[PDB]
Amino acid sequence: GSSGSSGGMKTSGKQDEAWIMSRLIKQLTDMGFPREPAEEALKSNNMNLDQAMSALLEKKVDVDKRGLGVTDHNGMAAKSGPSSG
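Residue numbers for the sequence shown follow the working numbering, beginning at 26 and rising by one.
Given below as structure tokens:
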């Protein structure tokens, strides 16, 4: 036995660049950089990721390289298109 039931709903919260700023940070933070700089550069990088990242790495030369998570190139598909003439 299980009858229908209602609950609470919501919508996209106020649209403020402030809260958004984090979004971009989440990434930089995932890589291996503090929010301190990622928050300073970004604002100066016109809210850019690639731009900031490079601006944060340019500082010190590390061994590791850039990349987004798995960053595993994709583009395969079993298919064949033979010609006739």
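Where a beta carbon is used, it is the ideal one built from N, C-alpha and C, also for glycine.
What distance in whole Å lies between the Cβ atoms of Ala63 and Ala77, which are believed to be in contact at a cut-off of 8 Å? The residue you call residue 77 lines up with position 52 of the sequence shown. The residue you call residue 63 lines up with position 38 of the sequence shown. With a Cβ gap of about 7 Å, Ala77 and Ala63 count as contacting.
What number of angstroms, rounded off, separates the C-alpha of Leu67 from the C-alpha of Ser27? Locating residue 67 in the sequence shown gives position 42, counting from the first residue. Locating residue 27 in the sequence shown gives position 2, counting from the first residue. About 50 Å.
Specify, as a first and last residue, the run of the alpha helix (DSSP H) that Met78 falls within. Translated into positions along the sequence shown, residue 78 becomes position 53. First-last of the alpha helix (DSSP H) with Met78: 74–82.
Could you have a look at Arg48 and say whether DSSP puts it in helix, strand or coil? As a working mapping, residue 48 is identified with position 23 in the sequence shown. In the three-state scheme derived from DSSP, where H, G and I count as helix and E and B as strand, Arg48 is classed as helix.
I'd like to check one pair, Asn70 with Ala80: are the Cβ atoms closer than 8 Å? Position 55 of the sequence shown holds residue 80. Position 45 of the sequence shown holds residue 70. Yes, these two residues count as a Cβ contact at 8 Å.
What first and last residue would you give for the alpha helix (DSSP H) that runs through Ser69? Within the sequence shown, residue 69 is the residue found at index 44, counting from 1. It spans 60–69 - the alpha helix (DSSP H) in which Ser69 sits, taken as one unbroken run.
Less than 8 Å between the C-beta atoms of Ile45 and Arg60, yes or no? Start at 1 with the first residue of the sequence shown, and residue 45 comes out as number 20. Start at 1 with the first residue of the sequence shown, and residue 60 comes out as number 35. Judged by their CB atoms, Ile45 and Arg60 are not nearer to each other than the 8 Å cut-off.
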